[PDB]
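Here is query.pdb, consisting of PDB, C-alpha atoms:
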```pdb
ATOM      1  CA  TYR A  19       0.000   0.000   0.000  1.00  0.00           C
ATOM      2  CA  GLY A  20       0.834   3.612  -0.719  1.00  0.00           C
ATOM      3  CA  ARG A  21       1.170   6.569   1.633  1.00  0.00           C
ATOM      4  CA  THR A  22      -1.947   7.885   3.361  1.00  0.00           C
ATOM      5  CA  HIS A  23      -2.841  11.546   3.821  1.00  0.00           C
ATOM      6  CA  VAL A  24      -5.249  12.425   6.639  1.00  0.00           C
ATOM      7  CA  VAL A  25      -7.209  15.687   6.647  1.00  0.00           C
ATOM      8  CA  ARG A  26      -7.828  16.761  10.232  1.00  0.00           C
ATOM      9  CA  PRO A  27     -11.393  17.931  10.956  1.00  0.00           C
ATOM     10  CA  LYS A  28     -11.414  21.687  11.445  1.00  0.00           C
ATOM     11  CA  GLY A  29     -14.326  21.684  13.893  1.00  0.00           C
ATOM     12  CA  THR A  30     -15.965  19.094  16.145  1.00  0.00           C
ATOM     13  CA  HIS A  31     -15.007  15.668  14.792  1.00  0.00           C
ATOM     14  CA  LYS A  32     -18.286  13.894  13.983  1.00  0.00           C
ATOM     15  CA  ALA A  33     -17.535  11.693  10.955  1.00  0.00           C
ATOM     16  CA  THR A  34     -14.624   9.928   9.269  1.00  0.00           C
ATOM     17  CA  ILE A  35     -14.655   9.247   5.524  1.00  0.00           C
ATOM     18  CA  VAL A  36     -12.102   7.160   3.635  1.00  0.00           C
ATOM     19  CA  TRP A  37     -11.787   8.609   0.116  1.00  0.00           C
ATOM     20  CA  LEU A  38     -10.425   6.407  -2.683  1.00  0.00           C
ATOM     21  CA  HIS A  39      -8.556   7.847  -5.662  1.00  0.00           C
ATOM     22  CA  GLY A  40      -8.862   6.659  -9.252  1.00  0.00           C
ATOM     23  CA  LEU A  41      -6.578   4.427 -11.286  1.00  0.00           C
ATOM     24  CA  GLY A  42      -3.016   5.734 -11.423  1.00  0.00           C
ATOM     25  CA  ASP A  43      -3.695   8.505  -8.876  1.00  0.00           C
ATOM     26  CA  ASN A  44      -2.842   8.884  -5.182  1.00  0.00           C
ATOM     27  CA  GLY A  45      -4.516   9.998  -1.977  1.00  0.00           C
ATOM     28  CA  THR A  46      -2.651  13.272  -1.467  1.00  0.00           C
ATOM     29  CA  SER A  47      -4.051  14.908  -4.614  1.00  0.00           C
ATOM     30  CA  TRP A  48      -7.548  14.066  -3.376  1.00  0.00           C
ATOM     31  CA  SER A  49      -6.758  15.249   0.155  1.00  0.00           C
ATOM     32  CA  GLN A  50      -6.045  18.732  -1.213  1.00  0.00           C
ATOM     33  CA  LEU A  51      -9.465  18.927  -2.868  1.00  0.00           C
ATOM     34  CA  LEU A  52     -11.348  17.563   0.148  1.00  0.00           C
ATOM     35  CA  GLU A  53      -9.723  20.002   2.571  1.00  0.00           C
ATOM     36  CA  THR A  54     -11.124  22.948   0.572  1.00  0.00           C
ATOM     37  CA  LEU A  55     -14.695  21.669   0.914  1.00  0.00           C
ATOM     38  CA  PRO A  56     -16.909  23.506   3.437  1.00  0.00           C
ATOM     39  CA  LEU A  57     -17.159  20.298   5.475  1.00  0.00           C
ATOM     40  CA  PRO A  58     -15.867  20.692   9.011  1.00  0.00           C
ATOM     41  CA  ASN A  59     -16.521  17.833  11.443  1.00  0.00           C
ATOM     42  CA  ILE A  60     -15.355  15.337   8.770  1.00  0.00           C
ATOM     43  CA  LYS A  61     -11.970  13.650   8.986  1.00  0.00           C
ATOM     44  CA  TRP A  62     -10.734  12.558   5.554  1.00  0.00           C
ATOM     45  CA  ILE A  63      -8.531   9.464   5.311  1.00  0.00           C
ATOM     46  CA  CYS A  64      -7.036   9.357   1.798  1.00  0.00           C
ATOM     47  CA  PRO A  65      -5.014   6.165   1.243  1.00  0.00           C
ATOM     48  CA  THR A  66      -3.057   5.290  -1.883  1.00  0.00           C
ATOM     49  CA  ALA A  67      -3.658   1.992  -3.650  1.00  0.00           C
ATOM     50  CA  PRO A  68      -0.846  -0.516  -4.154  1.00  0.00           C
ATOM     51  CA  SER A  69       1.018  -0.222  -7.420  1.00  0.00           C
ATOM     52  CA  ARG A  70      -0.376  -3.451  -8.864  1.00  0.00           C
ATOM     53  CA  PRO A  71       0.000  -5.104 -12.285  1.00  0.00           C
ATOM     54  CA  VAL A  72      -3.053  -4.066 -14.303  1.00  0.00           C
ATOM     55  CA  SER A  73      -4.166  -6.489 -17.012  1.00  0.00           C
ATOM     56  CA  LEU A  74      -5.862  -3.626 -18.865  1.00  0.00           C
ATOM     57  CA  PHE A  75      -2.392  -2.048 -19.209  1.00  0.00           C
ATOM     58  CA  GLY A  76      -0.714  -5.276 -20.323  1.00  0.00           C
ATOM     59  CA  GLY A  77       0.608  -5.910 -16.819  1.00  0.00           C
ATOM     60  CA  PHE A  78       2.145  -2.487 -16.197  1.00  0.00           C
ATOM     61  CA  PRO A  79       2.109  -1.699 -12.447  1.00  0.00           C
ATOM     62  CA  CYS A  80       0.251   1.346 -11.163  1.00  0.00           C
ATOM     63  CA  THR A  81      -1.912   2.342  -8.219  1.00  0.00           C
ATOM     64  CA  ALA A  82      -5.120   0.314  -8.429  1.00  0.00           C
ATOM     65  CA  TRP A  83      -7.731  -0.769  -5.897  1.00  0.00           C
ATOM     66  CA  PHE A  84      -8.318  -3.951  -7.914  1.00  0.00           C
ATOM     67  CA  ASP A  85      -7.273  -5.522 -11.189  1.00  0.00           C
ATOM     68  CA  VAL A  86      -9.163  -4.663 -14.356  1.00  0.00           C
ATOM     69  CA  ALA A  87      -9.065  -6.650 -17.582  1.00  0.00           C
ATOM     70  CA  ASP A  88     -11.136  -5.555 -20.586  1.00  0.00           C
ATOM     71  CA  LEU A  89     -13.643  -2.674 -20.850  1.00  0.00           C
ATOM     72  CA  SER A  90     -16.725  -4.672 -21.878  1.00  0.00           C
ATOM     73  CA  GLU A  91     -19.802  -5.150 -19.728  1.00  0.00           C
ATOM     74  CA  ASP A  92     -18.914  -8.864 -19.408  1.00  0.00           C
ATOM     75  CA  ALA A  93     -15.404  -8.329 -18.078  1.00  0.00           C
ATOM     76  CA  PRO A  94     -14.221 -10.321 -15.037  1.00  0.00           C
ATOM     77  CA  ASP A  95     -14.720  -9.044 -11.515  1.00  0.00           C
ATOM     78  CA  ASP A  96     -11.496  -9.131  -9.484  1.00  0.00           C
ATOM     79  CA  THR A  97     -13.420 -10.192  -6.395  1.00  0.00           C
ATOM     80  CA  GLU A  98     -10.234 -11.100  -4.518  1.00  0.00           C
ATOM     81  CA  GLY A  99      -8.760  -7.658  -5.174  1.00  0.00           C
ATOM     82  CA  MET A 100     -12.010  -5.858  -4.371  1.00  0.00           C
ATOM     83  CA  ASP A 101     -12.380  -7.742  -1.078  1.00  0.00           C
ATOM     84  CA  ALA A 102      -8.785  -6.898  -0.139  1.00  0.00           C
ATOM     85  CA  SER A 103      -9.322  -3.184  -0.743  1.00  0.00           C
ATOM     86  CA  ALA A 104     -12.734  -3.273   0.952  1.00  0.00           C
ATOM     87  CA  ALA A 105     -11.171  -4.961   3.986  1.00  0.00           C
ATOM     88  CA  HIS A 106      -8.407  -2.347   3.910  1.00  0.00           C
ATOM     89  CA  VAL A 107     -10.952   0.485   3.959  1.00  0.00           C
ATOM     90  CA  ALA A 108     -12.759  -1.290   6.804  1.00  0.00           C
ATOM     91  CA  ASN A 109      -9.529  -1.519   8.823  1.00  0.00           C
ATOM     92  CA  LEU A 110      -8.951   2.216   8.337  1.00  0.00           C
ATOM     93  CA  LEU A 111     -12.506   2.998   9.474  1.00  0.00           C
ATOM     94  CA  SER A 112     -12.178   0.742  12.543  1.00  0.00           C
ATOM     95  CA  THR A 113      -9.891   3.310  14.228  1.00  0.00           C
ATOM     96  CA  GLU A 114     -12.657   5.646  15.355  1.00  0.00           C
ATOM     97  CA  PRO A 115     -14.598   5.657  18.638  1.00  0.00           C
ATOM     98  CA  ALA A 116     -18.104   4.243  18.461  1.00  0.00           C
ATOM     99  CA  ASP A 117     -19.865   7.627  18.240  1.00  0.00           C
ATOM    100  CA  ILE A 118     -18.066   8.727  15.036  1.00  0.00           C
ATOM    101  CA  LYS A 119     -20.033   8.164  11.840  1.00  0.00           C
ATOM    102  CA  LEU A 120     -18.184   6.222   9.153  1.00  0.00           C
ATOM    103  CA  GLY A 121     -18.354   6.581   5.384  1.00  0.00           C
ATOM    104  CA  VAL A 122     -16.431   5.738   2.231  1.00  0.00           C
ATOM    105  CA  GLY A 123     -16.211   7.591  -1.069  1.00  0.00           C
ATOM    106  CA  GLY A 124     -14.172   7.631  -4.225  1.00  0.00           C
ATOM    107  CA  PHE A 125     -13.715   8.598  -7.852  1.00  0.00           C
ATOM    108  CA  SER A 126     -13.741   6.239 -10.869  1.00  0.00           C
ATOM    109  CA  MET A 127     -12.148   2.972  -9.647  1.00  0.00           C
ATOM    110  CA  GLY A 128     -12.208   4.427  -6.139  1.00  0.00           C
ATOM    111  CA  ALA A 129     -15.922   5.075  -6.563  1.00  0.00           C
ATOM    112  CA  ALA A 130     -16.283   1.436  -7.618  1.00  0.00           C
ATOM    113  CA  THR A 131     -14.498   0.264  -4.470  1.00  0.00           C
ATOM    114  CA  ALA A 132     -16.669   2.606  -2.385  1.00  0.00           C
ATOM    115  CA  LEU A 133     -19.876   1.224  -3.901  1.00  0.00           C
ATOM    116  CA  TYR A 134     -18.607  -2.349  -3.508  1.00  0.00           C
ATOM    117  CA  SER A 135     -17.918  -1.600   0.157  1.00  0.00           C
ATOM    118  CA  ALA A 136     -21.530  -0.465   0.538  1.00  0.00           C
ATOM    119  CA  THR A 137     -22.759  -3.773  -0.894  1.00  0.00           C
ATOM    120  CA  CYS A 138     -20.467  -5.704   1.455  1.00  0.00           C
ATOM    121  CA  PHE A 139     -21.986  -3.773   4.364  1.00  0.00           C
ATOM    122  CA  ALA A 140     -25.479  -4.580   3.073  1.00  0.00           C
ATOM    123  CA  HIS A 141     -24.587  -8.235   2.465  1.00  0.00           C
ATOM    124  CA  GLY A 142     -22.830  -8.317   5.835  1.00  0.00           C
ATOM    125  CA  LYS A 143     -19.864 -10.229   4.393  1.00  0.00           C
ATOM    126  CA  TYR A 144     -17.074  -9.835   1.887  1.00  0.00           C
ATOM    127  CA  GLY A 145     -17.171 -11.751  -1.384  1.00  0.00           C
ATOM    128  CA  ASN A 146     -15.031 -14.460   0.231  1.00  0.00           C
ATOM    129  CA  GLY A 147     -17.628 -14.942   2.995  1.00  0.00           C
ATOM    130  CA  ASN A 148     -15.792 -13.283   5.888  1.00  0.00           C
ATOM    131  CA  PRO A 149     -18.126 -11.013   7.905  1.00  0.00           C
ATOM    132  CA  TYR A 150     -18.011  -7.296   7.178  1.00  0.00           C
ATOM    133  CA  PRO A 151     -16.862  -5.610  10.412  1.00  0.00           C
ATOM    134  CA  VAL A 152     -17.865  -1.939  10.153  1.00  0.00           C
ATOM    135  CA  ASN A 153     -21.125   0.023  10.160  1.00  0.00           C
ATOM    136  CA  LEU A 154     -21.208   2.347   7.140  1.00  0.00           C
ATOM    137  CA  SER A 155     -23.404   5.441   7.372  1.00  0.00           C
ATOM    138  CA  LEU A 156     -23.151   6.269   3.646  1.00  0.00           C
ATOM    139  CA  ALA A 157     -21.116   5.860   0.479  1.00  0.00           C
ATOM    140  CA  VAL A 158     -20.391   8.205  -2.437  1.00  0.00           C
ATOM    141  CA  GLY A 159     -19.382   7.256  -5.970  1.00  0.00           C
ATOM    142  CA  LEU A 160     -18.184   9.891  -8.447  1.00  0.00           C
ATOM    143  CA  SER A 161     -17.873   8.826 -12.104  1.00  0.00           C
ATOM    144  CA  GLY A 162     -17.609   5.119 -11.332  1.00  0.00           C
ATOM    145  CA  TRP A 163     -19.511   1.842 -11.606  1.00  0.00           C
ATOM    146  CA  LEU A 164     -20.812  -0.971  -9.419  1.00  0.00           C
ATOM    147  CA  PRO A 165     -18.573  -4.071  -9.409  1.00  0.00           C
ATOM    148  CA  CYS A 166     -19.990  -7.561  -8.881  1.00  0.00           C
ATOM    149  CA  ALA A 167     -23.506  -6.513  -9.865  1.00  0.00           C
ATOM    150  CA  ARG A 168     -23.970 -10.078 -11.148  1.00  0.00           C
ATOM    151  CA  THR A 169     -23.902 -11.533  -7.619  1.00  0.00           C
ATOM    152  CA  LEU A 170     -25.661  -8.660  -5.839  1.00  0.00           C
ATOM    153  CA  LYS A 171     -29.116 -10.269  -5.835  1.00  0.00           C
ATOM    154  CA  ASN A 172     -27.866 -13.549  -4.351  1.00  0.00           C
ATOM    155  CA  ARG A 173     -25.894 -11.690  -1.672  1.00  0.00           C
ATOM    156  CA  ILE A 174     -28.767  -9.435  -0.568  1.00  0.00           C
ATOM    157  CA  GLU A 175     -31.314 -12.276  -0.650  1.00  0.00           C
ATOM    158  CA  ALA A 176     -29.163 -14.275   1.796  1.00  0.00           C
ATOM    159  CA  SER A 177     -30.791 -12.533   4.785  1.00  0.00           C
ATOM    160  CA  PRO A 178     -33.780 -10.295   5.604  1.00  0.00           C
ATOM    161  CA  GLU A 179     -31.382  -8.095   7.590  1.00  0.00           C
ATOM    162  CA  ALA A 180     -29.267  -7.670   4.449  1.00  0.00           C
ATOM    163  CA  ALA A 181     -32.271  -6.141   2.678  1.00  0.00           C
ATOM    164  CA  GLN A 182     -32.890  -3.947   5.725  1.00  0.00           C
ATOM    165  CA  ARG A 183     -29.344  -2.562   5.629  1.00  0.00           C
ATOM    166  CA  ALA A 184     -29.543  -2.109   1.849  1.00  0.00           C
ATOM    167  CA  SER A 185     -32.781  -0.126   2.093  1.00  0.00           C
ATOM    168  CA  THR A 186     -31.475   2.404   4.630  1.00  0.00           C
ATOM    169  CA  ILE A 187     -27.878   3.184   3.594  1.00  0.00           C
ATOM    170  CA  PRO A 188     -27.696   6.510   1.715  1.00  0.00           C
ATOM    171  CA  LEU A 189     -25.791   6.217  -1.563  1.00  0.00           C
ATOM    172  CA  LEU A 190     -24.801   9.109  -3.838  1.00  0.00           C
ATOM    173  CA  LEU A 191     -23.891   8.466  -7.482  1.00  0.00           C
ATOM    174  CA  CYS A 192     -22.602  11.333  -9.630  1.00  0.00           C
ATOM    175  CA  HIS A 193     -21.674  10.993 -13.293  1.00  0.00           C
ATOM    176  CA  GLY A 194     -21.048  13.247 -16.286  1.00  0.00           C
ATOM    177  CA  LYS A 195     -22.713  12.442 -19.591  1.00  0.00           C
ATOM    178  CA  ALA A 196     -19.583  13.512 -21.506  1.00  0.00           C
ATOM    179  CA  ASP A 197     -17.398  11.013 -19.600  1.00  0.00           C
ATOM    180  CA  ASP A 198     -15.200   9.121 -22.079  1.00  0.00           C
ATOM    181  CA  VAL A 199     -13.331   6.948 -19.548  1.00  0.00           C
ATOM    182  CA  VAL A 200     -16.262   5.513 -17.590  1.00  0.00           C
ATOM    183  CA  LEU A 201     -19.239   5.888 -19.923  1.00  0.00           C
ATOM    184  CA  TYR A 202     -22.365   7.508 -18.505  1.00  0.00           C
ATOM    185  CA  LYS A 203     -24.384   4.337 -19.161  1.00  0.00           C
ATOM    186  CA  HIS A 204     -22.364   2.554 -16.465  1.00  0.00           C
ATOM    187  CA  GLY A 205     -23.527   5.208 -14.014  1.00  0.00           C
ATOM    188  CA  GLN A 206     -27.157   4.580 -14.953  1.00  0.00           C
ATOM    189  CA  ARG A 207     -26.904   0.790 -14.773  1.00  0.00           C
ATOM    190  CA  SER A 208     -25.110   0.930 -11.417  1.00  0.00           C
ATOM    191  CA  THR A 209     -27.968   3.050 -10.065  1.00  0.00           C
ATOM    192  CA  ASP A 210     -30.513   0.678 -11.613  1.00  0.00           C
ATOM    193  CA  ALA A 211     -28.750  -2.424 -10.282  1.00  0.00           C
ATOM    194  CA  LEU A 212     -28.694  -0.912  -6.785  1.00  0.00           C
ATOM    195  CA  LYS A 213     -32.351   0.156  -6.782  1.00  0.00           C
ATOM    196  CA  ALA A 214     -33.494  -3.173  -8.249  1.00  0.00           C
ATOM    197  CA  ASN A 215     -31.816  -5.069  -5.376  1.00  0.00           C
ATOM    198  CA  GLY A 216     -33.341  -3.227  -2.420  1.00  0.00           C
ATOM    199  CA  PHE A 217     -31.111  -0.140  -2.113  1.00  0.00           C
ATOM    200  CA  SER A 218     -34.046   2.250  -1.797  1.00  0.00           C
ATOM    201  CA  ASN A 219     -31.994   5.289  -0.694  1.00  0.00           C
ATOM    202  CA  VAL A 220     -29.934   5.833  -3.862  1.00  0.00           C
ATOM    203  CA  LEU A 221     -29.517   9.298  -5.393  1.00  0.00           C
ATOM    204  CA  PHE A 222     -28.129   9.653  -8.924  1.00  0.00           C
ATOM    205  CA  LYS A 223     -27.050  13.143 -10.021  1.00  0.00           C
ATOM    206  CA  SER A 224     -26.178  13.819 -13.668  1.00  0.00           C
ATOM    207  CA  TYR A 225     -24.190  16.658 -15.249  1.00  0.00           C
ATOM    208  CA  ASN A 226     -24.570  17.028 -19.003  1.00  0.00           C
ATOM    209  CA  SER A 227     -21.213  18.576 -19.954  1.00  0.00           C
ATOM    210  CA  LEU A 228     -19.126  16.915 -17.222  1.00  0.00           C
ATOM    211  CA  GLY A 229     -16.291  14.629 -18.308  1.00  0.00           C
ATOM    212  CA  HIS A 230     -14.075  12.299 -16.285  1.00  0.00           C
ATOM    213  CA  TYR A 231     -13.276  14.821 -13.549  1.00  0.00           C
ATOM    214  CA  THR A 232     -15.046  16.887 -10.888  1.00  0.00           C
ATOM    215  CA  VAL A 233     -16.600  20.354 -11.068  1.00  0.00           C
ATOM    216  CA  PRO A 234     -17.527  22.729  -8.205  1.00  0.00           C
ATOM    217  CA  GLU A 235     -21.254  22.331  -8.899  1.00  0.00           C
ATOM    218  CA  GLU A 236     -20.871  18.569  -8.457  1.00  0.00           C
ATOM    219  CA  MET A 237     -18.785  18.885  -5.285  1.00  0.00           C
ATOM    220  CA  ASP A 238     -21.278  21.384  -3.868  1.00  0.00           C
ATOM    221  CA  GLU A 239     -24.014  18.756  -4.223  1.00  0.00           C
ATOM    222  CA  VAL A 240     -21.705  16.246  -2.519  1.00  0.00           C
ATOM    223  CA  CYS A 241     -21.228  18.634   0.411  1.00  0.00           C
ATOM    224  CA  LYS A 242     -24.964  19.253   0.823  1.00  0.00           C
ATOM    225  CA  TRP A 243     -25.727  15.534   0.544  1.00  0.00           C
ATOM    226  CA  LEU A 244     -23.039  14.633   3.094  1.00  0.00           C
ATOM    227  CA  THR A 245     -24.185  17.341   5.520  1.00  0.00           C
ATOM    228  CA  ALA A 246     -27.795  16.130   5.393  1.00  0.00           C
ATOM    229  CA  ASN A 247     -27.078  12.403   5.688  1.00  0.00           C
ATOM    230  CA  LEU A 248     -24.542  12.850   8.517  1.00  0.00           C
ATOM    231  CA  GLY A 249     -26.666  15.180  10.665  1.00  0.00           C
TER     232      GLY A 249
END
```
Rewrite the structure from the file as structure tokens, please.
Amino acid sequence: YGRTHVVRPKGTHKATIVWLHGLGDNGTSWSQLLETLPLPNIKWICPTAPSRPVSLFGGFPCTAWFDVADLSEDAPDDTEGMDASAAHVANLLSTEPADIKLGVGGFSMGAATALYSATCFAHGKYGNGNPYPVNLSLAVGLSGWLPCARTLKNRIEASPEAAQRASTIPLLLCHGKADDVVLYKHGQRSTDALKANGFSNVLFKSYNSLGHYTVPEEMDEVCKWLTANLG
């Protein structure tokens, strides 16, 4: 794993959010955006993914939360890699006292790992079957997609308490229609896959001219949504 940058809460610490960067990026660059947001009371933990051989890049190593081969809709899910990063995020979040609210967010591949974490919390276990140890208050995905949508129904249907957790967890999906890295249709299908499987508190915000990056109008919606769903 890479080097982590932590943004100290400027006011009364009430929530801790682990924010996951995109492919080839690092946590420090995201820490410098998050610390400009009008969000006191939130501690930002920005880790950096391991520089991992990426099959999409012909095996070239770079920072990645999980391995990706192929860009098609049928591509393999690196469940082992996603569970490892989800368990890593969970370990980071397990450092707070019990009264601190816990969330996870990310951009692109980091958004995918954040959304996958939310489905592990709903399922109550990782993809390998180990129990999920942390109580997530929310998750945010910017310009990403939902991994392991194929198995989401079977995982949620494993328990009535899984469906209860899925129905209450607030999820924010943001995507730009001009995105040429992660196509906008993946944002719509991730929202549809979540809603179809019991996640009844999913908000999907679209921006028509937004590409594969962030804009202040998008981040302003993130701030308002985080303020409301964290109290």
task: Quick one: apply the PyMOL selection byres ((chain A and resi 231) around 12) to the file and drop the selected residues here as a ChimeraX atom specification.
output: /A:39-40,48,124-126,160-162,192-200,225,227-230,232-237
Selection file, C-alpha atoms, as a PDB file, in the coordinates of the input:
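After the write, result.pdb holds the following:
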```pdb
ATOM      1  CA  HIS A  39      -8.556   7.847  -5.662  1.00  0.00           C
ATOM      2  CA  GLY A  40      -8.862   6.659  -9.252  1.00  0.00           C
ATOM      3  CA  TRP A  48      -7.548  14.066  -3.376  1.00  0.00           C
ATOM      4  CA  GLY A 124     -14.172   7.631  -4.225  1.00  0.00           C
ATOM      5  CA  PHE A 125     -13.715   8.598  -7.852  1.00  0.00           C
ATOM      6  CA  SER A 126     -13.741   6.239 -10.869  1.00  0.00           C
ATOM      7  CA  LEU A 160     -18.184   9.891  -8.447  1.00  0.00           C
ATOM      8  CA  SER A 161     -17.873   8.826 -12.104  1.00  0.00           C
ATOM      9  CA  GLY A 162     -17.609   5.119 -11.332  1.00  0.00           C
ATOM     10  CA  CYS A 192     -22.602  11.333  -9.630  1.00  0.00           C
ATOM     11  CA  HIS A 193     -21.674  10.993 -13.293  1.00  0.00           C
ATOM     12  CA  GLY A 194     -21.048  13.247 -16.286  1.00  0.00           C
ATOM     13  CA  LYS A 195     -22.713  12.442 -19.591  1.00  0.00           C
ATOM     14  CA  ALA A 196     -19.583  13.512 -21.506  1.00  0.00           C
ATOM     15  CA  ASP A 197     -17.398  11.013 -19.600  1.00  0.00           C
ATOM     16  CA  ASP A 198     -15.200   9.121 -22.079  1.00  0.00           C
ATOM     17  CA  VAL A 199     -13.331   6.948 -19.548  1.00  0.00           C
ATOM     18  CA  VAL A 200     -16.262   5.513 -17.590  1.00  0.00           C
ATOM     19  CA  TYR A 225     -24.190  16.658 -15.249  1.00  0.00           C
ATOM     20  CA  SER A 227     -21.213  18.576 -19.954  1.00  0.00           C
ATOM     21  CA  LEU A 228     -19.126  16.915 -17.222  1.00  0.00           C
ATOM     22  CA  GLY A 229     -16.291  14.629 -18.308  1.00  0.00           C
ATOM     23  CA  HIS A 230     -14.075  12.299 -16.285  1.00  0.00           C
ATOM     24  CA  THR A 232     -15.046  16.887 -10.888  1.00  0.00           C
ATOM     25  CA  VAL A 233     -16.600  20.354 -11.068  1.00  0.00           C
ATOM     26  CA  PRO A 234     -17.527  22.729  -8.205  1.00  0.00           C
ATOM     27  CA  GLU A 235     -21.254  22.331  -8.899  1.00  0.00           C
ATOM     28  CA  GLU A 236     -20.871  18.569  -8.457  1.00  0.00           C
ATOM     29  CA  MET A 237     -18.785  18.885  -5.285  1.00  0.00           C
TER      30      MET A 237
END
```
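The two atoms in question, CA of residue 84 (chain A) and CA of residue 130 (chain A), are spaced 9.6 Å apart.
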Can you spell out as a JSON list (two decimals) with C-alpha atoms, in the coordinates of the input the set of residues that the PyMOL selection byres ((chain A and resi 121) around 9) selects in the structure I just provided?
```json
[["chain", "number", "residue", "atom", "x", "y", "z"],
["A", 33, "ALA", "CA", -17.54, 11.69, 10.96],
["A", 34, "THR", "CA", -14.62, 9.93, 9.27],
["A", 35, "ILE", "CA", -14.66, 9.25, 5.52],
["A", 36, "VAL", "CA", -12.10, 7.16, 3.64],
["A", 37, "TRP", "CA", -11.79, 8.61, 0.12],
["A", 111, "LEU", "CA", -12.51, 3.00, 9.47],
["A", 119, "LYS", "CA", -20.03, 8.16, 11.84],
["A", 120, "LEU", "CA", -18.18, 6.22, 9.15],
["A", 122, "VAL", "CA", -16.43, 5.74, 2.23],
["A", 123, "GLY", "CA", -16.21, 7.59, -1.07],
["A", 132, "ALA", "CA", -16.67, 2.61, -2.38],
["A", 153, "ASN", "CA", -21.12, 0.02, 10.16],
["A", 154, "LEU", "CA", -21.21, 2.35, 7.14],
["A", 155, "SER", "CA", -23.40, 5.44, 7.37],
["A", 156, "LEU", "CA", -23.15, 6.27, 3.65],
["A", 157, "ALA", "CA", -21.12, 5.86, 0.48],
["A", 158, "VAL", "CA", -20.39, 8.20, -2.44]]
```
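Candidate residues A:207, A:21, A:26, A:141 were compared for distance to residue 172 (chain A), and the nearest is A:141, using all atoms listed in the file.
Here CA of residue 221 (chain A) stands at a distance of 5.0 Å from CA of residue 190 (chain A).
In this model, the gap between CA of residue 115 (chain A) and CA of residue 247 (chain A) comes to 19.2 Å.
Here the question is which of A:166, A:191, A:87, A:24 gets nearest to residue 64 (chain A) using all atoms listed in the file, and that residue is A:24.
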- request: Please determine the residues with any atom at most 10 Å from (-5.1, -0.8, 4.0) (coordinates as given in the file, with all atoms listed in the file counting) and report them as a count of residues only.
  value: 18
task: Counting all atoms listed in the file, figure out which residue out of A:128, A:99, A:45, A:188 gets nearest to residue 140 (chain A).
output: A:188
task: Find the residues near residue 211 (chain A): any atom within 9 Å, counting only C-alpha atoms, skip ones fewer than 3 places away on the same chain, and give them as a ChimeraX atom specification.
output: /A:164,167,170,206-208,214-215,217
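The neighbours of residue 216 (chain A) here are the residues that come within 8 Å of it, using only C-alpha atoms and leaving out any residue fewer than 4 positions away in the same chain; they are residues 174, 181, 184, 185 and 212 of chain A.
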Would you export the selected residues with C-alpha atoms as a PDB file, in the frame of the given file, please?
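Output file out-v5.pdb is given in full below:
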```pdb
ATOM      1  CA  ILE A 174     -28.767  -9.435  -0.568  1.00  0.00           C
ATOM      2  CA  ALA A 181     -32.271  -6.141   2.678  1.00  0.00           C
ATOM      3  CA  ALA A 184     -29.543  -2.109   1.849  1.00  0.00           C
ATOM      4  CA  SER A 185     -32.781  -0.126   2.093  1.00  0.00           C
ATOM      5  CA  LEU A 212     -28.694  -0.912  -6.785  1.00  0.00           C
TER       6      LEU A 212
END
```
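Among the candidates A:116, A:55, A:220, A:136, the one nearest to residue 183 (chain A) when counting only C-alpha atoms is A:136.
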field: Within 8 Å of residue 101 (chain A) using only C-alpha atoms, minus same-chain residues under 4 positions, as a ChimeraX atom specification
entry: /A:97,105,144-146
